[PDB]
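[1] When you get a sec, could you give me coordinates for this:
(chains A, B, C, D, E, F, G and H, ligands or ions: 10)
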Amino acid sequence: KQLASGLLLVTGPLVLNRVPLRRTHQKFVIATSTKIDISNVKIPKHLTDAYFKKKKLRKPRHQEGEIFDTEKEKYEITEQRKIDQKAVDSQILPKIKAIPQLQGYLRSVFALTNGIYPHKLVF
Amino acid sequence: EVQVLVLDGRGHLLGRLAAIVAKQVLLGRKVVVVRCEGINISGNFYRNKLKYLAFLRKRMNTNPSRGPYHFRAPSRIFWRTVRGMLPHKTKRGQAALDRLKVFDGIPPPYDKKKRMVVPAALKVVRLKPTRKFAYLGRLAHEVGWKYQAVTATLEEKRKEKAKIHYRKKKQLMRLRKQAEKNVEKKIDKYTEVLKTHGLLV
Amino acid sequence: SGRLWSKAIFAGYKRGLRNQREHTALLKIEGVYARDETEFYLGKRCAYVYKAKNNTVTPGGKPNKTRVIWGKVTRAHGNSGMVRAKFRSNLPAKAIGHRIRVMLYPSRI
Amino acid sequence: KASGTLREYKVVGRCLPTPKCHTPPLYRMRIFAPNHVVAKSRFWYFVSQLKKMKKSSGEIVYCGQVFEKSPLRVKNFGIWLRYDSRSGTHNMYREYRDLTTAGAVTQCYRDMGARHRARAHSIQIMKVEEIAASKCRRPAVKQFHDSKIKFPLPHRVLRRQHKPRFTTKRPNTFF
Amino acid sequence: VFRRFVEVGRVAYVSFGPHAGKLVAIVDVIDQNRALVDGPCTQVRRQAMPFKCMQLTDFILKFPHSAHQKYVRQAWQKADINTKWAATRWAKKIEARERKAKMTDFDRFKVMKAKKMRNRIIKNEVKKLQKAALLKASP
RNA sequence: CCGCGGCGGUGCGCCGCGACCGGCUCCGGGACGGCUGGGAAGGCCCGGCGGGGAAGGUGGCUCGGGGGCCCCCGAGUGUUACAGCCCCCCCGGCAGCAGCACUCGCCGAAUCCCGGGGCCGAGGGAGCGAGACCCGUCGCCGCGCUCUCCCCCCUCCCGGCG
RNA sequence: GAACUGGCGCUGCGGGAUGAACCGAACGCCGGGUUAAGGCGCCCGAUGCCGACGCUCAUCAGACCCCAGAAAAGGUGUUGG
RNA sequence: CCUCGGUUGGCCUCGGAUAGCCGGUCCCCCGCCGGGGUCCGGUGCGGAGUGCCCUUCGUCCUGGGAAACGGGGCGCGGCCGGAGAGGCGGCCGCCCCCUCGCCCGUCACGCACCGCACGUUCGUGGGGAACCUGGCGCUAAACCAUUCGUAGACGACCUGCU
Ligand SMILES: [Mg+2]
Ligand SMILES: [Mg+2]
Ligand SMILES: [Mg+2]
Ligand SMILES: [Mg+2]
Ligand SMILES: [Mg+2]
Ligand SMILES: [Mg+2]
Ligand SMILES: [Mg+2]
Ligand SMILES: [Mg+2]
Ligand SMILES: [Mg+2]
Ligand SMILES: [Mg+2]
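    Numbering: from 1, shown residues only, chains lettered A, B, ... in the order given. Ligands and ions are numbered 1, 2, ... in the order given. Have a look at this structure:
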């Protein structure tokens, strides 16, 4: 589904291409003509943009920056995100397993060779 | 194209070939033109020879050593034609010139490569069949070139070496045509998918 | 693991025979040799990538010697590909006959 | 007069009714012009040469295009026209094969321009008829009267010389 | 030489132009450059078309020149062209040239994977044919 | 004084991305209608009763050339034949109609909708009302609902739920 | 040496390679769009159109207002009448 | 360390004709390989540069198909070919390894860095001084000066010297 802010909520089947539940901009992606029917799947209601909004920590009560904030440099995957990814992927993996060799198609990375040109390509 | 582009000047029209080449080299794209003795110029041979004999007569009479340099080799003849189509007096034009390379025959870093031909400058498509033309190589040998005979011999020796490569290619391609004749049931499901998608009609 | 951008060549600024306007550049994209083919690229973002001596901060990375002048393709220029583009700072003349990427950015597809 | 694809206009005109002949004769002519604006102007040129009347002393009562009666059957056209060269002027007769009579006159304008260098303003076409092949005179047209006409297409020159501009294989012409 | 000519009733293929890719049979010839072509069953009505656009085919119909449209379509229906052509080697060649253009990104992946095996089976087996050819040590 | 507080204005230390709105412009689709010779031709109805005509001459014939006295090519033959073409019909019928079969026009009070690319954002107290008080979400223009009552279809804290 | 109008002088800009006067057009500093005259093989922005029809072979071909080079007379070279 | 930036898969080749070409086969003849003639196909080139080859998310369970005769080792030793600018390419024997790598499946994981650009290759790039590090090695010329006069305005040139 597309979110309320217009950012597209997309996912990679994380067990396949290392893309979790993540927003992406509509104008910055290439939509292909290949669709998989994902009707009757359950998207949890708590996936607003406020969920994926970036959380910030610095700077609580530090004006002169001399002792560097060497903590929080590691963004930690909250367990809540883990269950949501597994929950959404649980009902989407068997469905993508149906159409043959979709996984390898999704495992692959789109690229250009010294042949084809994007205008000639029909996605 | 990152790779250098090799062209076969045989059957090509001097000005028609150079105009394409000059633009092609003004945009980067290092270009090599081999077999410069195969370039053809439109018009009967005698009137083209007179055009170069006129160019021989253009010369600074006070000091010809500073006058126009009448290069005689067909490569140098073609190279000079391109030089007129480039801004050679400016830095951009000089840099473009260095990207070009011209050869008589085919020297042996290039004979092992697939030559290319431009149709927009071919004598077959640009000249009416009932028109007289002239060879650059024959014209050059008649205005001072000293290497018509040796190039023709060396070019012939190159041709025979190519035939051996072509007989081997046909041998290996026939062997491959036999190969798909053998493996047929282990390939049918892979042939068919390429057939649904336009490859191998 | 992918080229991911169209490769084009800086052909020169828009000009007459004796007046050149450096604020737009003419780019020849490999593979497009007609006006009607250019419709795909008419809004995409074109980048000119070069290197220098001093290191310059790289977003999402460490400092390096690469610098980029950004721009975007405006409208087709004449009967055979060779679209014309505008850049934030007018391109240096040393880039003529060099590579400019067309970056497949904002896509109407 | 410039050109384009010519169109045949029938133009009917007359003088304003002067209180001497309250019903002046109506005059009709066949004008070949790119558009009705030019056709009306060409009408007065031929009429003022023909009879003593001007645009000020006359009017157009009708100016409409004449659609081809049979634009789907090949036919041979005979055009009688006169034109003035660098020397004195001449009367001339030519024959053309075309589906539409306006298409024949267009051919005549190009053929006249290509051979005798006669610009369109130098040409006045007086007569255009549908000519039966038995009555044709120009061998250029007589050679196309055969129920079992037979010819190949000998030299098929490559016209896509720039798509691609670079290719390993030289083209072939015979087909 | 000259296997095919420009006859009355010769079927030609409109390479470029408004009716590019269609099939048409000429009815009459004009001024060495235009021909009165007409294809009733190929959805191209009767009109003049220059000789520079059409592509001559081996198919020939028999009917009088300047024949009316009803006679061409029946001669097109009997000994019908759309099955001889289209299942001629030329036609399936251009239509497969069309399929390649229409191929989508997912399809291009499947072809790339399929072509990987296709050449793998060929390449690993031609090596068996050459090694089988090496057994040549006869005087 | 503190809150990673709100509300107002004013900002960003640099480098950027996007959104909608408006002005200007270049293009792209989709559909509607008018006029004409109330379009010209054209398509189907094996067009049906025919009459007439000729050749870029069908069949049939004549002479000359080849393939197993039999089958193909060329040249003279004319009026329908084992093809066709043109005019007149005594009259046509149906469909579509400047054709999403791209033959040939001019148009929009007889004209509307949607989309894309590019450049631009100038200006800054518009409150006749409360006697403004958090900041004028205001003028003109086009609208929607309520101060009237009923219905109809999804729904919904639902109330138990099979 | 005169007549009418325009221009140069006093005038920059685009085109004519080049040029006081020709052709277009007259000017504050800029962004977008579109043109004029003129152009679009390459120098050099633009025809890298599957441009239309013909004519023309030149052993001094021809190639665009002012303009920068030609006549009388000839040709069984070809094309049309 | 100082400096120069480019680039962002490869194509390893008949000769050529165009009013013709390309491929394949059966018989004759050139010292068990080519050249001819028949026959067979394709020819808007599909044995196709509008083409071909490779194709990269990495692994772990885990089967089915391909192969096993294989790959990769700057590991070695050796052979052969290329002189037009060979500056290259091909091939044998030994040694390490594993049935791994190629398609279709089973199974789960990796910073999933929370929308963002210069990302991705060539590349262990080219160039310039310098330290350490081992092994194999070599121990010279030019110019001046001085002579010579086959030379000479001066330079330059020809010359000689345990
Ligand atoms: Mg309409
Ligand atoms: Mg403001
Ligand atoms: Mg003036
Ligand atoms: Mg003065
Ligand atoms: Mg003044
Ligand atoms: Mg000027
Ligand atoms: Mg001039
Ligand atoms: Mg401007
Ligand atoms: Mg010019
Ligand atoms: Mg250009």
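
[2] how many neighbours does the residue in chain E positioned nearest to RNA strand G have?
    As assessed by CB to the nearest atom of the strand, RNA strand G sits closest to residue E:16 within chain E, at 3.4 Å. The C-beta positions use only the backbone N, C-alpha and C, and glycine is treated the same way. Using other CB atoms under 10 Å in any protein chain shown, residue E:16 has 13 neighbouring residues.

[3] how close does it get to chain D?
    Between residue E:16 and chain D the distance, using CB to the nearest CB, to the nearest Å, works out to 9 Å.

[4] phi, psi of the residue in chain C positioned nearest to chain D?
    Closest approach between chain C and chain D, counting by CB to the nearest CB: residue C:33, at 6.6 Å. Dihedral angles phi and psi of residue C:33 (degrees, to the nearest 10) take the values phi -130, psi 40.

[5] do residue C:71 as well
    The phi/psi pair for residue C:71 (degrees, to the nearest 10) is phi -180, psi 180.

[6] I'd say it and residue C:48 touch.
    Yes: with contacts counted by CB atoms under 8 Å, residue C:71 reaches residue C:48, the gap being 7.2 Å.

[7] Mind listing the shared neighbours of the two?
    Listed as contacting both residue C:71 and residue C:48 by CB atoms under 8 Å, 6 or more residues apart in numbering or on different chains are C:87, C:91.

[8] Could you measure from the most centrally placed residue in chain A over to chain B?
    Compute the mean C-alpha point of chain A, and by CA atoms, centre = their mean the closest residue is residue A:22, 3.1 Å away. Using CB to the nearest CB, residue A:22 is found at 33 Å from chain B.

[9] Pull the contacting residues for the residue of chain E closest to RNA strand G.
    residue E:53.

[10] How about residue D:147?
    E:8, E:64-65.

[11] for the longest helix seen in chain B, packing partners?
    Secondary structure of chain B per DSSP state H: the longest helix is helix B:148-182. If you count contacts as 3 or more CB pairs under 8 Å, 6 or more residues apart in numbering or on different chains; DSSP states H and E, helix B:148-182 packs onto helix B:136-141, helix E:105-133.

[12] Run the angle between that helix and helix E:105-133 for me.
    Here the directions of helix B:148-182 and helix E:105-133 differ by 100 degrees (axes from the mean of the first three to the mean of the last three CA atoms, to 10 degrees).

[13] Among the helices and strands packed on helix B:148-182, which comes closest to chain A?
    Chain A lies closest to helix E:105-133 among the helices and strands packed on helix B:148-182, at 4.3 Å (CB to the nearest CB).

[14] The closest one vs RNA strand H: in contact?
    Yes: residues of helix E:105-133 contacting RNA strand H under CB under 7 Å from any atom of the strand: E:110, E:112-121, E:123-125, E:127-128, E:131.

[15] Can you flag the buried ones in those residues?
    E:110, E:113-115, E:118, E:121, E:125 (16 or more other CB atoms under 10 Å in any protein chain shown).

[16] and which of those residues is nearest RNA strand H?
    Taking CB to the nearest atom of the strand as the measure, RNA strand H lies nearest residue E:113 of those, at 3.9 Å.

[17] Tell me which residues touch that closest one, please.
    Counted by CB under 8 Å, 6+ apart, residue E:113 has contacts A:101, A:104.

[18] Flag every residue of chain D that's near RNA strand G.
    Counting by CB under 7 Å from any atom of the strand, chain D comes close to RNA strand G at D:90-95, D:107, D:110-111, D:114-116, D:138, D:140, D:159-165.

[19] Count the residues that sit near residue B:37.
    Neighbours around residue B:37, by other CB under 10 Å: 27.

[20] Does it touch residue B:148 like I think?
    Yes: if you go by CB under 8 Å, residue B:37 and residue B:148 touch, sitting 7.4 Å apart.

[21] which residues do the two both contact?
    In contact with both residue B:37 and residue B:148: B:137-138, B:140, using CB under 8 Å, 6+ apart.

[22] I'd like the residues you listed written out as CSV, with neighbour count and distance to chain A added.
    Supplementary listing: the shared contacts of residue B:37 and residue B:148 in CSV, determined by neighbours: other CB atoms under 10 Å in any protein chain shown; distance: CB to the nearest CB, whole Å:
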residue, neighbour count, distance to chain A
B:137, 27, 35
B:138, 16, 39
B:140, 26, 37
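
[23] Out of those, which is nearest to chain D?
    Comparing these against chain D with CB to the nearest CB places residue B:137 closest, at 18.6 Å.

[24] Leaving out sequence neighbours, find the closest residue to the closest one.
    The shortest distance from residue B:137 to any non-neighbouring residue, by CB to CB, 6 or more residues apart in numbering or on different chains, is to residue B:37 (2.7 Å).

[25] Which of the three states applies to the one you found?
    helix (DSSP: H, G, I helix; E, B strand; the rest coil).

[26] any idea how far the residue of chain C found nearest chain B lies from residue C:31?
    Chain B sits closest to residue C:97 of chain C, with a gap of 4.3 Å, by CB to the nearest CB. Distance from residue C:97 to residue C:31, counting by CB to CB, to the nearest Å: 18 Å.

[27] Neighbour count for these two, which is higher?
    For the pair residue C:97 and residue C:31, the greater number of neighbours falls to residue C:97 (18 against 15), based on other CB under 10 Å.

[28] you'd agree that one is up against residue C:27?
    No: between residue C:97 and residue C:27 there is no contact under CB under 8 Å: 11.7 Å.

[29] Need the overlap of contacts for these two.
    The contact sets of residue C:97 and residue C:27 overlap at C:9-11 (CB under 8 Å, 6+ apart).

[30] Among those residues, which one has the most neighbours?
    residue C:10 leads those on contacts (other CB under 10 Å) with 24 neighbours.

[31] show me what contacts the residue lying closest to that residue once chain neighbours are set aside?
    With sequence-adjacent residues excluded and distances taken as CB to CB, 6+ apart, residue C:10 is closest to residue C:95, at 4.9 Å. Applying CB under 8 Å, 6+ apart to residue C:95 gives the contacts C:10, C:48, C:50.

[32] If the nearest residue to residue B:103 once chain neighbours are set aside is in a bridge, with which residues?
    Spatially, and ignoring its direct neighbours in sequence, residue B:103 is nearest to residue B:34 (4.8 Å; CB to CB, 6+ apart). Assessed by DSSP bridges, residue B:34 has beta-bridge partners residue B:8.

[33] Hmm, residue B:34 is touching residue B:6, no?
    Yes: contact status for residue B:34 versus residue B:6: in contact at 6.0 Å, counting by CB under 8 Å.

[34] Around RNA strand H, which positions in chain D sit nearby?
    Contact residues (CB under 7 Å from any atom of the strand) of chain D with RNA strand H: D:153-156, D:158, D:160, D:163-164, D:166-175.

[35] Please list only the buried members of those residues.
    So, by 16+ other CB under 10 Å, the buried ones in the residues of chain D next to RNA strand H are D:153, D:156.

[36] Now do the strands in chain B.
    B:5-8, B:31-34, B:40-42, B:100-102, B:133-135 (DSSP state E).

[37] Go through these and name the closest to residue B:193.
    Of all the strands of chain B, it is strand B:5-8 that lies closest to residue B:193, at 34.7 Å by CB to CB.

[38] just checking, what packs against the closest one?
    On a contact count with 3+ CB pairs under 8 Å, 6+ apart, strand B:5-8 meets helix B:14-26, strand B:31-34.

[39] quick one: contacts of that strand?
    Residues outside strand B:5-8 that contact it (CB under 8 Å, 6+ apart): B:17, B:21, B:24, B:29-35, B:38, B:110, B:113-118, D:166.

[40] go with 7 Å
    Identification of contacts with strand B:5-8 by CB atoms under 7 Å, 6 or more residues apart in numbering or on different chains yields B:29, B:31-35, B:110, B:113, B:115-118.

[41] hmm, back to that, who wins for most neighbours among the contacts of residue D:147?
    The most crowded member of the contacts of residue D:147, judged by other CB under 10 Å, is residue E:8 (24 neighbours).

[42] Cool, thanks, signing off.
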